[PDB]
Structure formats: C-alpha cells, structure tokens
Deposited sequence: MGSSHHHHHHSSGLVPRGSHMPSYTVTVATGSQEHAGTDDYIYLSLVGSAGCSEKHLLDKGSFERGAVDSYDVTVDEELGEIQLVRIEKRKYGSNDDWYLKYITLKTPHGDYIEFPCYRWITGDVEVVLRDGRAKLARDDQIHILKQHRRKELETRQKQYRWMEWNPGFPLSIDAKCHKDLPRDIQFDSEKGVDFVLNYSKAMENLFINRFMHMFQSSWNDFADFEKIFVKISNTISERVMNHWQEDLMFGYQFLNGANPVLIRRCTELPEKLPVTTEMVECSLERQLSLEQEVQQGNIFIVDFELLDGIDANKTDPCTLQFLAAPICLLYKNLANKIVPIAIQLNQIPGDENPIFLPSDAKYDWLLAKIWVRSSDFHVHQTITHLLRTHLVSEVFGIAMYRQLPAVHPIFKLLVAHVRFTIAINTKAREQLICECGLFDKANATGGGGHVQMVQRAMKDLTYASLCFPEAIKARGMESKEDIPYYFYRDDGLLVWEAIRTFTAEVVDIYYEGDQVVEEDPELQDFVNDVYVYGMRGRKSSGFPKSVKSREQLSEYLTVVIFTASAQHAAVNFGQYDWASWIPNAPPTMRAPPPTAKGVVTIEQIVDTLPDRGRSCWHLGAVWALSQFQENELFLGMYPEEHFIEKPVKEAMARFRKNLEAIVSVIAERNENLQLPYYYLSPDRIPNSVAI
C-alpha cells in the first residue's frame, strides 16, 4: 500500500519547483552487498509530494549500497525532479540517499547513501565502479569551451537549452540630492557599488604631474603634498586598464586625500594617462562645471570597470570556473561536492543565458593578468592595496564587513575539512580534489603561471583557504558588487552607462549644456522569494551529524555578524548593508 503525503519502507520526495512532477513509470532497484533486487514499479509523483511505498524483496540483500531509478515514459516524457530517497530496511536501519537532480528518462540515475566518502574509503567493486562511471559521465556532460579569446574557459553550451538538465534554471534618494558633493564622490570608492579599486599611494606617479601648489587649498595639515603621501594620507584610483581601448571612453587618474575628519575626498583628476596641455589636471578649485564634469568621467570609468571586471569577470566567470571544475571532478558523494554545490547553484545557467543574449572583450583580456589567486583572498587583497588599517582608514565598511564574513566562511570550511580529512597527507592524496584544483588552474585559468592558482593542495589549511575563496566569491563578494547597483547607479549622473561627447581638453570652457550633451539621452539588484541566503542549505547533501553541527555553528556566527552590522549601521549617515549575511545569497544567481 502506497501512502502519499503533501520489507523495505521506501520514501520518495519530489521537488517543489514547477514541472518537478512526473506522470511516468518509475522503477526502483536496490543494490546491496549480497545481491540486487528486481525492478519494482511505483504508481503519479506530484510537485511537492512525498510518496511512500512498502517493497518486499525476493532475497536478503545485506547493507544497501546503491539505489537505482529508471523513468520509462507514460505517454510523453515528463522531467522529474527528485529530492531524495530514504529506506527503512528490514533490519531497522534508516538510510538516506540525497539526489537533487532532474531525471529526464535518458539514463538510469544511481545514488550513493548520503554519508560523504573520499575515494580512499571506497574499496569494494560496487562502489569503485559507481564512482568511476559517475566521473566519466560527468566529464562527457560538463566540458570546457573557449567562448571568447583569452577568457576563462566556460561551459561547452551555445544555448541555455543545451546545458545538462541538472544545471539549468533611500540611498537612491540620497544620491540624487548629493551626487555633486566631493564627499559623496569619495565615499563611493569605499562603500558604493564598486569598492575595490582605491589604493594607498606611496609615491606620486610620474604620469600625474600634480604639485603641492595645485592642491594646497585641499590639504589641511600644513604639510606639502609629497609629505602627505609619505604620511599615508594620499590615495589613488587609476583606470589605466581602460587606456588603449579604441562608445567614447577615457582612462582617468583620480587623486584623493584623507582629510582631518578622516574622510577620503577627491583633490585632483586627470582624465587620461599621458599628461599634456590637452589633458589637464582638474581640481576642486576650478570652475564649478570643469570639476563637476571631470568627476562624471571618473564615475563613467568606475561604472565600466565595475560591470565588466569587478562583477562579470571576477565573480561571475570565476564562480563558473569553480562550478565546472566541481561537476567534472568531484562525485556527488565527495564532501567537497556536498559543500560547494549550493554555492555554484545556477551560476553556469545565469552566465549561459547572458552569453546567448569588442572593447568590453579587451577589458577582460587585459584584466586576466590581474586575476590572481591572492587577489581573491579578501584579507590579503585589502592589504595589497594598503587599505587594511582601520585606525588609519575608518570608514571602509566594505572592508570591515567583508573581513567578518570571510573569517566566518573560513571557520566553517576548516571545521568541514577537519571532519573529513584527518591530516595533511589525506588532502594531498585525494585524487579527485587534486584533479578539481588542477582543472581550475589549467582550463579555467588557462594554465597561466602568473595566476598564482595552486596546481595542487597539500594541507588542510590550504584547502580551507581555497574553499573559502570559492564560497566567498560566489556569495559575499558577488552580493557586495551586485546589490548596490540600484542604490548607486540608478541616478545616471552618478553612473553614466555611455558617454556621448569626448572628455573636455581645456579648463574654463565646459557649460552645463556640454555636461548634458555628454550624458546619455534594477533588474539585477533584486532578491527573489525563493532566494537562499548564506548558510541556508535546504538541499540536504550532507546528512551526517558532525557536519550538520558545523553548519549550525556557521549560521549562529553569521547571525552574530548581522547584529554587529545592524548596530554599526544604526549610527551611520548612510547604512552599508550589502554584506549583512541575511542579504548575501549563497550563489551567483542574478
């Protein structure tokens, strides 16, 4: 008798997404250590439904190793999303078999129980054959393809339809009123949509011939400009990557100053790289609209770097690399698959629907040189820009909140790594982990030595760091650069997507008219009702108590971080909440 909620006791859970149900014939087989069962027929599996069956075997099978599912068409094929199967066996044991896959009827689906296993744990043929065939199937279905010259390699799929079925689908107001203010312009380099470019200047670049006389009115400590550099109070945003893209663009240098109120404000702007009479150093002491238009041009450049580099290349395409490497080299039963699969959810499909729908390609090609592993290790990357000291640079909330979430994910990956890897040798000898890391280096990052990506991982520490890169990039870093886009780029003058006139080549000439003639004549910033936020793991790939306790500790820690950020934001002029963990999605899904 069959009991449907909404010998062996078999429970089948159908997904809650639409079209998850099927009307087709479902056959179940049990593979035990002492024999296999005949194919049993189950009779429809509706969306959200849990169907339970009582199955009597012809013989005693021993400990159940695998469950097998075949979907024969009843009339027309009907894709079926299977969440999991469980068994209560004749010997009283309860065994859970995580699936979370679409079943199209094209092949048999064979599931391990949910206890996570390294290759080293699988010594009987039944299990070694399953694992080997799974990886061979994965590496035929998930392949590398060069979409555009020089890009990280992506998925071998022209259309979203061609992907394997499993991986298919107030601040605005403030900007409007204050976008002309030097303070607001400076604030965004630390806490707007693109807070990753500014760095501490340690000597003035020869290509920016600014003098203490030019900026004396902006300096407030009775020091020369070169003395202020040496005291660490001068910062720079340099868009030289835009230089040499041939749809009008510039490649500005923007010099900034930490004033006595400890706020970083712009003090000089050169709109192109090569200094000259027709490339002036604009200053806040210039005519109102000279300085205003210089700033708009920097806002335009920051926008384009942000869209193509900060966002697309360094979070979307990087996350897709990690996701393809995971599907190709880690079987479902591997603990790093179980950990990472929720953080690459939808990443490949999002990128694929974008690709199907010149100068932007060059920007990616030029930024590949800086797409390093160290650049993705958030604490080290902050320090490499000289921005680490909170005593020195006190209003860098992207840094402060990133550090806490980076450290929370690091704590979690370490606990997980220590449950499943007893020492450093087990990490080094894990052949699937080594092939996963190697695919990233060789295929995703093209094998470029200067990427700094590890060729192998040989300790628990190093593996924890590497998993934190993957998870932080897909979750926190993506949210910080994606969800402030409506706040900061919905007022066009603060973020022009195109420019209709060339940059001004002299002072005292631009009018409010010329500013209007230069400027042009929300989708990606929204969350969804389904949205899964950092540490929500409804798909139970892990079923074991130790890792489940580690996940609960991870959530509690993220909850403490939410409270810290909320109490910090209570006292702030303009709250920074993009890195509050209740707002950080698990993955790149938008």
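Peer 1: Counting from 1 along the deposited sequence, what's missing?
Peer 2: Since the structure holds only modelled residues, the stretches it omits are 1-3, 10-22, 60-61, 188-234, 312-320, 432-447, 612-622.
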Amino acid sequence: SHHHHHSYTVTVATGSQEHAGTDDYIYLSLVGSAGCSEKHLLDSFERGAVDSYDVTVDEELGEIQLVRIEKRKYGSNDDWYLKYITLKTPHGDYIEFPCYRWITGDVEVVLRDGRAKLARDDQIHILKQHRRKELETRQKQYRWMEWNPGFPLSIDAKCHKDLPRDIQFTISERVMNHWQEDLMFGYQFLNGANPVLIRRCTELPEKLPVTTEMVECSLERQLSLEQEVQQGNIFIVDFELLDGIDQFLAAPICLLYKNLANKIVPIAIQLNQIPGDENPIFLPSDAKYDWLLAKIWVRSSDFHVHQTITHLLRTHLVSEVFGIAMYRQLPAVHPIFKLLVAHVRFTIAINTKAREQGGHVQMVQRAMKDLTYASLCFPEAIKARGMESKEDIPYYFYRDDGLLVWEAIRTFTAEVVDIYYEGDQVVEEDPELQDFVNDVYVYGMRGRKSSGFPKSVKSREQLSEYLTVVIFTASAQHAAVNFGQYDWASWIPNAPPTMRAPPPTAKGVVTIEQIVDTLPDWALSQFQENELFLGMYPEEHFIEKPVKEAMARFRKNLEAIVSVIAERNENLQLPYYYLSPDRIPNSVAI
From here on, numbers count along this sequence of modelled residues.
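Heads up, when I say rigid core I mean the largest set of C-alphas that superpose within 1.5 Å between the two forms.
Peer 1: In 5 other deposited structures of this protein, superposed on the rigid core, which stretch sits farther off in Cα RMS terms, 74-82 or 304-312?
Peer 2: Evaluated in 5 other deposited structures of this protein, the stretch farther from the shown form is 74-82.
Peer 1: Line up the rigid core: which moves more in 5 other deposited structures of this protein, 333-341 or 508-516, by C-alpha RMS?
Peer 2: Taking the RMS over all superposed structures in 5 other deposited structures of this protein, 508-516 lies farther out.
Peer 1: Between 275-283 and 308-316, which has the higher average C-alpha B-factor in the PDB entry?
Peer 2: So the stretch with the higher mean C-alpha B-factor is 275-283.
Peer 1: Can you let me know which of the two, 536-544 or 57-65, has the higher average C-alpha B-factor in the entry?
Peer 2: The stretch with the larger average C-alpha B-factor is 57-65.
Peer 1: In terms of recorded Cα temperature factor, pick the maximum from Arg132, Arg112, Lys353, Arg385.
Peer 2: Within the set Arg132, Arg112, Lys353, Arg385, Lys353 shows the top C-alpha B-factor.
Peer 1: Tell me which of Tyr421, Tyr187, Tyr94, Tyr100 tops the list for C-alpha B factor in the record.
Peer 2: Going by the entry's C-alpha B-factors, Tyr94 comes out highest.
Peer 1: Sorting the chain's CA B-factors, does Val426 end up in the lowest, middle or highest third?
Peer 2: Middle third by C-alpha B-factor.
Peer 1: Which third of the chain holds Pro379 when residues are ordered by C-alpha B factor: lowest, middle or highest?
Peer 2: For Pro379, the deposited C-alpha B-factor lands in the lowest third.
Peer 1: Taking the values exactly as deposited, rank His478 by C-alpha B-factor within its chain and report the matching third: lowest, middle or highest.
Peer 2: According to the entry, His478 has a C-alpha B-factor in the chain's lowest third.
Peer 1: Would you mind ranking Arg72 by its C-alpha B-factor against the rest of the chain and naming the third, lowest, middle or highest?
Peer 2: Its C-alpha B-factor, which the entry lists for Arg72, ranks in the highest third among residues of this chain.
Peer 1: Could you tell me which third, lowest, middle or highest, the C-alpha B-factor of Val510 occupies within its chain?
Peer 2: Its C-alpha B-factor belongs to the highest third of this chain's values.
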